[PDB]
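Chain naming here is simple, since letters A, B, ... match the order of the sequence lines and numbering starts at 1 in each.
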Amino acid sequence: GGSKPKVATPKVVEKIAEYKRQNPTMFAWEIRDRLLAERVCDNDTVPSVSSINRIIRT
Amino acid sequence: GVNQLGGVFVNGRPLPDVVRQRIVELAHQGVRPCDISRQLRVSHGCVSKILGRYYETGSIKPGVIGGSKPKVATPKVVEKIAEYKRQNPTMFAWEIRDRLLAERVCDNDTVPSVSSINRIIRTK
Amino acid sequence: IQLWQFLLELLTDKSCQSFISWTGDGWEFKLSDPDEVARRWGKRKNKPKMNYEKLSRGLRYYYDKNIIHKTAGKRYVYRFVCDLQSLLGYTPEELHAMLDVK
DNA sequence: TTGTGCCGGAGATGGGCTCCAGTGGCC
DNA sequence: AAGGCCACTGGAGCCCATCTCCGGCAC
């Protein structure tokens with residue numbers, strides 16, 4: 001046993017994929033921007049740029 | 001990967017020490033950085049970084065990669081845990097967790113987990 | 001994305017032909033409107049201050065990487081010298097046909 | 001040339017990447 | 001109860017591919 005997600009929630013992970021659907025030319029910081037504007041994540045629940053790129057790699 | 005100069009590189013990893021040494025050696029010999037970059041197939045930005053750091057530090061070593069800074073194991077929280085143990089060596093981790101709160105050294109968000117408290121006890 | 005790739009993207013899109021197009025000679029291309037091309041590059045990379053001057057320096061940077069060469073005697077005319085055939089899987093005449101290149 | 005057009009040197013940027021100290025449920 | 005175990009985080013430094021500023025050179 002290791003650990004469970006705190007930011008890479010199934011919902012956030014699905015939206016990121018959806019943002020990559022609209023326009024793959026997005027930068028990590030931009031995904032964080034919309035993921036924050038569409039109120040999909042709280043300023044305290046929003047994945048860090050590193051996590052977003054980790055999510056994308058996974 | 002292969003950079004645009006045709007050089008093999010490992011994204012995210014430091015240039016091998018042997019290459020780093022050759023960059024400094026060639027500049028020492030009078031080779032222009034742009035020529036060092038083209039001949040060794042390393043971005044001129046990297047050559048620039050390596051040389052700049054060498055003239056400034058004397059070392060060819062890359063910086064220390066990785067790690068993170070403490071989040072709950074704050075310098076004050078750590079000292080408090082030490083003070084609690086010194087006061088009552090038999091006090092349990094969860095009881096320590098409770099006194100940290102009862103004295104307000106931490107919030108319900110700042111308070112270290114039981115694992116962390118024991119880990120803190122064990123390490124520093 | 002890299003500059004040379006970005007230009008290729010524009011060159012394989014019919015709606016961009018009024019500002020950048022193949023000259024028909026192999027992999028040679030022309031920046032019919034160099035300023036529109038620079039603006040779009042600036043937008044793609046999030047670089048508000050991009051302009052032709054800097055785009056041009058970017059192209060000069062490709063000269064010794066044997067990625068792109070500049071055609072002499074003309075302005076705004078360059079040529080991909082890397083092997084696009086292998087990358088795209090198309091031949092010059094072949095790609096021009098897919099894009100209705102005069 | 002007190003300029004234009006082209007060339008190319010090198011410090012500054014900041015993007016995705018690998019790393020890894022730090023953390024917390026679970027047994 | 002404390003320790004072993006380990007998926008998950010985010011910021012550290014990395015090299016790259018420019019970005020940017022600018023001096024050279026020919027005319």
- request: Just call it for B:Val42: base, sugar-phosphate, or nothing, with non-hydrogen atoms closer than 4.0 Å on any strand.
  value: sugar-phosphate

task: Using heavy atoms and a sub-4.0 Å distance, could you list which residues of residues 4-12 of chain B are near DNA chain D? By number, please.
output: B:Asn11, B:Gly12

message: Tell me whether the rings of C:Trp27 and C:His96 are parallel (<30°), tilted (30 to 60°) or perpendicular (>60°).
response: perpendicular

query: Hey, is B:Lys76 close enough to B:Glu79 for a salt bridge, meaning N to O under 4.0 Å?
result: no

query: Taking for each residue the nucleotide of DNA chain E bearing the nearest heavy atom, is the 5' side occupied by B:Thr90 or by B:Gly63?
result: B:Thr90

message: For a quick check of understanding: with a heavy-atom distance under 4.0 Å over all strands, which category does B:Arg32 fall into, base, sugar-phosphate or nothing?
response: sugar-phosphate

query: Of B:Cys46 and B:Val64, whose closest DNA chain E nucleotide lies nearer the 5' terminus?
result: B:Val64

Expected output: side-chain A:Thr45 to main-chain A:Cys41 donor-acceptor under 3.5 Å: no

- prompt: Looking across every strand, which nucleic acid part, if any, lies under 4.0 Å from C:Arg57 by heavy atom: base, sugar-phosphate, or nothing?
  reply: base

Listed pairs, N/O of protein and of nucleotides 24-27 of chain E, under 3.5 Å:
none

Detail all sub-3.5 Å separations between protein N/O atoms and N/O atoms belonging to nucleotides 23-27 of chain D.
| from | atom 1 | to | atom 2 | distance (Å) |
| --- | --- | --- | --- | --- |
| D:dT23 | OP1 | B:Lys71 | N | 3.0 |
| D:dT23 | OP1 | B:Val72 | N | 2.8 |
| D:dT23 | OP1 | B:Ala73 | N | 2.9 |
| D:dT23 | OP2 | B:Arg119 | NH1 | 3.4 |
| D:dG24 | OP2 | B:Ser113 | N | 3.1 |
| D:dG24 | OP2 | B:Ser113 | OG | 3.0 |
| D:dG24 | OP2 | B:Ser116 | OG | 2.6 |
| D:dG24 | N2 | A:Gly2 | O | 2.6 |
| D:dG25 | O6 | B:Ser115 | OG | 2.8 |

- prompt: With distance as the sole test, does C:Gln5 use its side chain to make a donor-acceptor pair with the main-chain N or O of C:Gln2 at under 3.5 Å?
  reply: yes

